[PDB]
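Chains as they are written, first to last, in the deposited numbering: chain B, 623 to 671; chain S, 573 to 586, 590 to 720; chain W, 524 to 545, 566 to 586, 590 to 622; chain D, 771 to 774, 785 to 826; chain Z, 771 to 774, 785 to 819; chain G, 6 to 38, 57 to 69, 73 to 83, 93 to 161, 174 to 213; chain F, 6 to 38, 57 to 69, 73 to 83, 93 to 161, 174 to 213.
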């Protein structure tokens, strides 16, 4: 339990968000952020959209 | 008292106290407690073996502003210097106010000079530069920045 | 090298025991003192004079930290 | 881009050191009180 | 696509059990030889 | 009886000379930067065949300075000198109990200085060791045994004195 | 003296009745699938308010069958019955040493059957416990103490016999 716990701690990323499904994430509707993701051509951001 | 203290030290470390059995509870509850301890620091160590991987203490501009051990500066004759000279943010103003009168001068005439100061200052110099250059240098030998 | 260390610890301890001995106590012989050093190195009564006492607790302490250490290293 | 198990003897070996200095001094005080007080009393008798 | 610390008492508790049966039998043989042979 | 004298002298010259040779060379034999040896003063290559001053030393200052100039092992040298000197002094001019015990103490503690110094060296050194280094550690050990025979002879003298006291 | 008799009887009826009640209900109280209780035979809800046969049972067979039908705790029941029965038998018809020791043995070992059975239950159960369950464990404990007073009175009788023997 001791080290199992203590060596843990995760730094994520937008890419980390893209690579997982446990934690949902989203944006405002009807806004420029949604247009950004809708029009993004970056693989991570496209995949997130 | 001397013999009792010896029973204390020898008790903590890994002979026979019992008589009163009113002293039993004291003895056992000791062995209990010290045992919990030794377990605790023991696995604490074993973790220190496993974990304890190093991390940089300070990663921000606010850390730089709050310290004087690590010097920092900018390129001369550039937009970064105009940024600090014209910044109204307390941290950036305070950093400019330090840097502009820090002795010896913390400013460099070339990016190469700033890199050389980072590389040669034993971690006692941090260089403020545009992110594109920083990430470029990050891909350069000796990969120390 | 750490093995050499423990060896030297052992010998120094034992001899120091016999020096504490300076009409005789239980550590009157080098052999018994060495035996004490061994049995302490592994997981029974030094105490009489309280002179040697402190030195013995020093021993148990020292080797205890040690074995703790090499054990953590092990599990690692 | 151009950037892409052991044992620490030292650490407690220091405590070996200190422990041993403790030993030597311990025995010093030991035989200095033994000799000093003990014999001082012995001749102090006659 | 639709797919994207504790303690085990049991394990050695069995050995508690067996250990204790060992106890009861041990004392049985004990007082049966004590009573039987002794008296 | 005289076995104490024999083991005493052979321990004195044995561990003493062995400690001196340990101070000489053959303390660390390994690849240089290309292989060479060194004896905590100057390293000597196999270019190859020459020598150079190699002991170019609150962590760097204190520890590095401590390892520098080989302070502890020289202390072992001087203390051993007092060992043999005070034993050869203990030959005559009886002084039943004082001198033998004294030289014994400074002699065993001298061994402690030797081993402690070895700890300082191996510590600060952070691939093979020098042989006369091993001669130095073994010298510390044999010294320890010599101290055993020393104190043993001393308490023997005590047994003679208190024995004849009645 | 008679304190042995008193503690003996109150231990007998105490731990015995407590074990029976432990067999009754209140062995596991927690959310069902909706919350209910159960006593290793049938669970009863708070739909709500009704009851149903809940103990619907070489790992599944042996372990599950062992936990089934509550074998060990019933063994504790029978053995306790022999406890009180053989002590009330030990009232008269002296038999200085045999009967008291016998009932003591089967009584303490009876406690062992109780605790072991509890182990079987908590084990096989793999959220809160039932209160009469705690009454069962406490019954095993008080039983153990009753055995302590039992054997203590027995060795007392031995002290009387061997004492008067001289």
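C-beta: ideal position from N, C-alpha, C; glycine also.
Start and end residues, beta strand (DSSP E) containing residue 60 of chain G: Indexing the sixth chain from 1 puts residue 60 of chain G at position 37. Start and end: 58-61.
First and last residue of the beta strand (DSSP E) that includes residue 121 of chain F? Here residue 121 of chain F corresponds to residue number 86 of the seventh chain, with the count starting at 1. No beta strand (DSSP E) holds residue 121 of chain F; the alpha helix (DSSP H) holding it covers 106-125.
Residues near residue 575 of chain W by beta carbon distance below 8 Å, same chain, minus five either side: The residue you call residue 575 of chain W lines up with position 32 of the third chain. Within the same chain, residue 575 of chain W has close Cβ partners 569.
Within chain D, the residues that residue 582 of chain W reaches when beta carbons sit closer than 9 Å: The residue given as residue 582 of chain W occupies position 39 in the third chain. Correct list: empty, because the minimum Cβ distance to chain D is about 18 Å.
Please say whether residue 121 of chain G and residue 134 of chain G have beta carbons closer to each other than 8 Å? In the sixth chain, residue 134 of chain G corresponds to position 99, counting from 1. In the sixth chain, residue 121 of chain G corresponds to position 86, counting from 1. For residue 134 of chain G and residue 121 of chain G, yes; Cβs fall inside 8 Å.
One question on the structure: do residue 27 of chain F and residue 152 of chain F come within less than 8 Å of each other, judged by their Cβ atoms? Residue 27 of chain F sits at position 22 when you count from the first residue of the seventh chain. Residue 152 of chain F sits at position 117 when you count from the first residue of the seventh chain. Taking 8 Å as the Cβ cut-off, residue 27 of chain F and residue 152 of chain F do not qualify as a contacting pair.
Does the distance from the CB of residue 144 of chain F to the CB of residue 804 of chain Z come in under 8 Å? One-based indexing of the seventh chain puts residue 144 of chain F at position 109. One-based indexing of the fifth chain puts residue 804 of chain Z at position 24. Yes, they are a contact pair.
Mind listing the chain D neighbours of residue 532 of chain W? Cutoff is C-beta to C-beta under 9 Å, in chain order. Numbered from 1 along the third chain, position 9 holds the residue referred to as residue 532 of chain W. The contacting residues are 796, 799 and 800.
Select from G/188, G/158 and G/203 the residue whose C-alpha is nearest the C-alpha of residue 100 of chain G. Position 65 of the sixth chain, counted from the first residue, corresponds to residue 100 of chain G. Selected option, being the one with the closest Cα: G/158.
DSSP state of residue 64 of chain G mapped onto helix, strand, coil: As a working mapping, residue 64 of chain G is identified with position 41 in the sixth chain. Of the three classes helix, strand and coil, the one that applies to residue 64 of chain G here is coil, per DSSP.
By how many angstroms is the C-alpha of residue 60 of chain F removed from the C-alpha of residue 35 of chain F? Taking the seventh chain and counting its residues from 1, the one referred to as residue 35 of chain F is at position 30. Taking the seventh chain and counting its residues from 1, the one referred to as residue 60 of chain F is at position 37. One C-alpha to the other measures close to 6 Å.
With DSSP as the reference, label residue 789 of chain Z as helix, strand or coil. If you number the fifth chain from 1, residue 789 of chain Z lands on position 9. Correct three-state label for residue 789 of chain Z: coil.
Under three-state DSSP, which class holds residue 698 of chain S? Within the second chain, numbered from 1, the residue matching residue 698 of chain S stands at position 123. Of the three classes helix, strand and coil, the one that applies to residue 698 of chain S here is coil, per DSSP.
Residue 689 of chain S Cβ short of 7 Å to the ligand GDP heavy atom set: Absent from the structure shown: the ligand GDP. Ligands present: none.
Restricting to Cα atoms, I'd like to know which of F/212, F/22 and F/65 is closest to residue 111 of chain F. Residue numbering aside, residue 111 of chain F sits at position 76 when the seventh chain is read from its first letter. It is F/22 whose Cα lies nearest to the Cα of residue 111 of chain F.
In angstroms with no decimal places, state the Cα-to-Cα distance between residue 17 of chain G and residue 62 of chain G. Residue mapping note: residue 17 of chain G aligns to position 12 of the sixth chain, counting from 1. Residue mapping note: residue 62 of chain G aligns to position 39 of the sixth chain, counting from 1. Taking the straight line joining both Cα atoms gives about 23 Å.
Please report the residue range of the beta strand (DSSP E) in which residue 646 of chain S lies. Within the second chain, numbered from 1, the residue matching residue 646 of chain S stands at position 71. Its beta strand (DSSP E) spans residues 646-648.
Pull up the distance between the alpha-carbon of residue 719 of chain S and that of residue 713 of chain S, whole angstroms please. The residue given as residue 719 of chain S occupies position 144 in the second chain. The residue given as residue 713 of chain S occupies position 138 in the second chain. Cα to Cα, residue 719 of chain S sits roughly 8 Å from residue 713 of chain S.
Does chain Z have any CB closer than 8 Å to the CB of residue 643 of chain B? Locating residue 643 of chain B in the first chain gives position 21, where the first residue counts as 1. Answer yes: the Cβ-Cβ gap between residue 643 of chain B and chain Z drops below 8 Å somewhere.
Give the DSSP bridge partners of residue 77 of chain G, in chain order. Counting from 1 along the sixth chain, the entry for residue 77 of chain G is found at position 51. The partner list for residue 77 of chain G (beta bridge, DSSP) reads G/67.
Have a look at residue 199 of chain F and residue 606 of chain S and give me their C-alpha separation to the nearest angstrom. For the purposes of this step, residue 199 of chain F is identified with residue 152 of the seventh chain, where counting begins at 1. For the purposes of this step, residue 606 of chain S is identified with residue 31 of the second chain, where counting begins at 1. Taking the straight line from one Cα to the other gives about 30 Å.
Closer than 8 Å to chain W by CB, residue 805 of chain D: On the fourth chain, residue 805 of chain D is found 25 positions in, with the first residue counted as 1. No, its Cβ sits nowhere closer than 8 Å to a Cβ of chain W.
When S/618, S/698, S/579 and S/690 are compared against residue 711 of chain S, the one with the closest alpha-carbon: Position 136 of the second chain, counted from the start, is the residue given in the question as residue 711 of chain S. Of the candidates S/618, S/698, S/579 and S/690, the one whose C-alpha sits nearest the C-alpha of residue 711 of chain S is S/690.
Report back the beta-carbon spacing between residue 571 of chain W and residue 544 of chain W to the nearest angstrom; my notes put them in contact at under 8 Å. Along the third chain, one-based indexing puts residue 571 of chain W at 28. Along the third chain, one-based indexing puts residue 544 of chain W at 21. That pair is a contact at about 6 Å.
First and last residue of the beta strand (DSSP E) that includes residue 34 of chain G? If you number the sixth chain from 1, residue 34 of chain G lands on position 29. Secondary structure note for residue 34 of chain G: its beta strand (DSSP E) is the uninterrupted segment 33-36.
Check the Cβ of residue 789 of chain D against every Cβ in chain G and list those closer than 9 Å, keeping chain order. Locating residue 789 of chain D in the fourth chain gives position 9, counting from the first residue. What residue 789 of chain D touches in chain G: 154, 157, 158 and 161.
How should residue 599 of chain W be labelled, buried or exposed, when 16 other C-beta atoms within 10 angstroms of its C-beta is the threshold for buried? Here the question's residue 599 of chain W lines up with position 53 in the third chain. Residue 599 of chain W should be labelled buried.
Evaluate contact between the region 665-677 of chain S and the region 638-651 of chain S, counting only Cβ atoms and requiring at least three cross-stretch pairs below 8 Å. yes
Which one or two residues does DSSP pair with residue 683 of chain S in a beta bridge? Position 108 of the second chain holds residue 683 of chain S. Partner(s): S/650.
Listed in chain order, which residues of the region 139-153 of chain F have Cβ atoms closer than 9 Å to some Cβ of chain Z? 140, 143, 144, 147, 150 and 151
Determine whether the Cβ of residue 808 of chain D lies closer than 8 Å to any Cβ atom of chain W. Residue mapping note: residue 808 of chain D aligns to position 28 of the fourth chain, counting from 1. It does not: the Cβ of residue 808 of chain D has no partner Cβ on chain W nearer than 8 Å.
Could you please give me the residues that DSSP links to residue 175 of chain F through a beta bridge? Counting from one through the seventh chain, the residue named residue 175 of chain F turns up at place 128. The partner list for residue 175 of chain F (beta bridge, DSSP) reads F/34.
Could you run through the region 624-657 of chain S and flag, in chain order, every residue whose CB is less than 9 Å away from some CB of chain W? 624 and 625
What is the C-beta distance between residue 779 of chain D and residue 604 of chain W, in whole angstroms, given that I count them as a contact (C-beta under 8 Å)? Placed between 774 and 785 in the numbering, residue 779 of chain D has no coordinates, as chain D goes from one to the other without interruption by modelled residues.
In chain D, which residues lie less than 9 Å from residue 542 of chain W when you measure between Cβ atoms? Counting from one through the third chain, the residue named residue 542 of chain W turns up at place 19. The CB of residue 542 of chain W comes closer than 9 Å to the CB of 807, 810 and 811 in chain D, given here in chain order.
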